[PDB]
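Worksheet: the structure to be examined is printed underneath.
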Amino acid sequence: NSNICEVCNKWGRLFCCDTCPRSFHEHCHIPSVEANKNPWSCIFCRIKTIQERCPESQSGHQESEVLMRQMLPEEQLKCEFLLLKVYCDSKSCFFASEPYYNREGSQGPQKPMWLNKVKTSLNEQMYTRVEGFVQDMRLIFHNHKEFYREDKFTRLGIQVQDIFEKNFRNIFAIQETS
Ligand SMILES: [Zn+2]
Ligand SMILES: [Zn+2]
Ligand SMILES: [Zn+2]
């Protein structure tokens, strides 16, 4: 197995996947690595299994249909994995914890949002459809773009949104377009 966490790329107290060489800190894995379970399969393996069991799940889909899906166990897992893929990028640090807004010439957003809040929300089964999760994730980046205006720091929102959107299209097998 790897000797660094797959998400944060640091060593420490790591849990090893039994079906692939990935390793994780307890709370870097989403969901948090489970107490017992020998063997244990990580989220990457669990997602691969879903795809392998239903190869047709990789044919293209319309985003509008995906968003209306209820959060049954497989859709719950897919959103957990999508959230984890964002945390895997080091630029996610900027969006992880609760922001505050005090900049001359800008007003804070009406509805602040951050990754750890989305994480808690998923853990607590607060989203009934994929749409709820996706709206909160997109809101993180939209709030950032709006607040930072022409400061070059706005680009961090663009960058992390692009990681989100690429992984959304991959995980949910969104139909490719130009
Ligand atoms: Zn980690
Ligand atoms: Zn694995
Ligand atoms: Zn099938």
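Please note that chains go A, B, ... in the order of the structure tokens, that every chain numbers its residues from 1, and that ligands are numbered from 1 in the order shown.
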
Spatial neighbours of segment 103-112 of chain A, 12 Å, only C-alpha atoms, chain gap at least 5 places, as a PyMOL selection string = chain A and resi 95-98+117-118+135-151

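Each residue with an atom within 7 Å of any atom of ligand 1 appears in the list, which was built counting only C-alpha atoms and all ligand atoms: residues 5, 6, 7, 8, 9, 10, 24, 25 and 28 of chain A.
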
Within 7 Å of ligand 3, which residues show up when you count only C-alpha atoms and all ligand atoms? List them as JSON, numbers by chain, please.
-> {"A": [53, 54, 55, 56, 57]}

May I have the residues within 8 Å of ligand 2, computed using only C-alpha atoms and all ligand atoms, as an MDAnalysis selection string?
-> chainID A and resid 16:23 41:46

Keeping C-alpha atoms, export the residues of the selection given above as a PDB file, in the first residue's frame.
ATOM      1  CA  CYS A  16      -5.052   0.823   4.006  1.00  0.00           C
ATOM      2  CA  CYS A  17      -7.464  -0.331   1.347  1.00  0.00           C
ATOM      3  CA  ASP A  18      -7.675  -4.150   1.018  1.00  0.00           C
ATOM      4  CA  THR A  19      -8.521  -4.076  -2.689  1.00  0.00           C
ATOM      5  CA  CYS A  20      -6.234  -1.334  -3.996  1.00  0.00           C
ATOM      6  CA  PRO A  21      -2.929   0.162  -2.810  1.00  0.00           C
ATOM      7  CA  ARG A  22      -4.496   3.456  -1.560  1.00  0.00           C
ATOM      8  CA  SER A  23      -4.294   4.677   1.978  1.00  0.00           C
ATOM      9  CA  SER A  41     -12.622  -1.384   0.534  1.00  0.00           C
ATOM     10  CA  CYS A  42     -12.110   2.394  -0.016  1.00  0.00           C
ATOM     11  CA  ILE A  43     -14.483   4.681  -1.883  1.00  0.00           C
ATOM     12  CA  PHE A  44     -12.481   4.389  -5.088  1.00  0.00           C
ATOM     13  CA  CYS A  45     -13.001   0.609  -5.022  1.00  0.00           C
ATOM     14  CA  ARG A  46     -16.680   0.918  -4.072  1.00  0.00           C
TER      15      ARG A  46
END

Out of segment 12-149 of chain A, which residues get strand (DSSP E) from DSSP, as an MDAnalysis selection string?
-> chainID A and resid 14:16 23:25

Could you write out the selected residues, including N, CA, C and O atoms, as a PDB file, in the first residue's frame?
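Written output follows (out-v8.pdb):
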ATOM      1  N   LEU A  14      -2.542   5.963   9.050  1.00  0.00           N
ATOM      2  CA  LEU A  14      -3.177   5.662   7.762  1.00  0.00           C
ATOM      3  C   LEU A  14      -3.928   4.338   7.875  1.00  0.00           C
ATOM      4  O   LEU A  14      -3.506   3.437   8.595  1.00  0.00           O
ATOM      5  N   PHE A  15      -5.038   4.250   7.150  1.00  0.00           N
ATOM      6  CA  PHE A  15      -5.826   3.019   6.963  1.00  0.00           C
ATOM      7  C   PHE A  15      -5.680   2.591   5.520  1.00  0.00           C
ATOM      8  O   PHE A  15      -5.759   3.412   4.584  1.00  0.00           O
ATOM      9  N   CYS A  16      -5.433   1.313   5.302  1.00  0.00           N
ATOM     10  CA  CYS A  16      -5.052   0.823   4.006  1.00  0.00           C
ATOM     11  C   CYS A  16      -6.241   0.159   3.348  1.00  0.00           C
ATOM     12  O   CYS A  16      -6.979  -0.527   4.004  1.00  0.00           O
ATOM     13  N   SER A  23      -4.172   4.524   0.526  1.00  0.00           N
ATOM     14  CA  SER A  23      -4.294   4.677   1.978  1.00  0.00           C
ATOM     15  C   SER A  23      -4.880   5.998   2.374  1.00  0.00           C
ATOM     16  O   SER A  23      -4.722   6.941   1.603  1.00  0.00           O
ATOM     17  N   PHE A  24      -5.469   6.088   3.575  1.00  0.00           N
ATOM     18  CA  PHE A  24      -6.187   7.264   4.048  1.00  0.00           C
ATOM     19  C   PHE A  24      -6.073   7.593   5.496  1.00  0.00           C
ATOM     20  O   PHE A  24      -6.170   6.731   6.379  1.00  0.00           O
ATOM     21  N   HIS A  25      -5.976   8.892   5.798  1.00  0.00           N
ATOM     22  CA  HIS A  25      -6.286   9.290   7.153  1.00  0.00           C
ATOM     23  C   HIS A  25      -7.759   9.021   7.388  1.00  0.00           C
ATOM     24  O   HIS A  25      -8.598   9.122   6.468  1.00  0.00           O
TER      25      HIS A  25
END

Identify, on the basis of only C-alpha atoms, every residue whose closest approach to segment 61-68 of chain A does not exceed 7 Å; exclude the query and any residue fewer than 4 positions from it along the same chain; express the result as a ChimeraX atom specification.
-> /A:129-131,173-175

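Across the model, the gap from atom CA of residue 4 of chain A to atom CA of residue 91 of chain A is 18.3 Å.
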
Using only C-alpha atoms, determine which residues lie at most 10 Å from residue 134 of chain A, disregarding the query and same-chain residues fewer than 6 positions distant; provide the list as a list in words.
->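 Using only C-alpha atoms, the neighbours found are residues 67, 79, 82, 83, 118, 127, 164, 165 and 168 of chain A.
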
If you measure from atom CA of residue 1 of chain A to atom CA of residue 166 of chain A, what distance in Å do you get, rounded to one decimal?
->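 Atom-to-atom, atom CA of residue 1 of chain A to atom CA of residue 166 of chain A, that is 27.1 Å.
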
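Remark: for residue 156 of chain A, the closest of the candidate residues A:100, A:40, A:94, A:133 is A:94 (distances computed over only C-alpha atoms).
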
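Going from atom CA of residue 159 of chain A to atom CA of residue 90 of chain A covers 11.0 Å.
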
Would you mind listing what lies within 8 Å of residue 47 of chain A as a PyMOL selection string, with only C-alpha atoms counted and same-chain residues fewer than 6 positions away left out?
-> chain A and resi 77-78+81

Shortest contact to residue 74 of chain A, candidates A:38, A:93, A:155, A:48, atoms counted only C-alpha atoms, goes to A:48
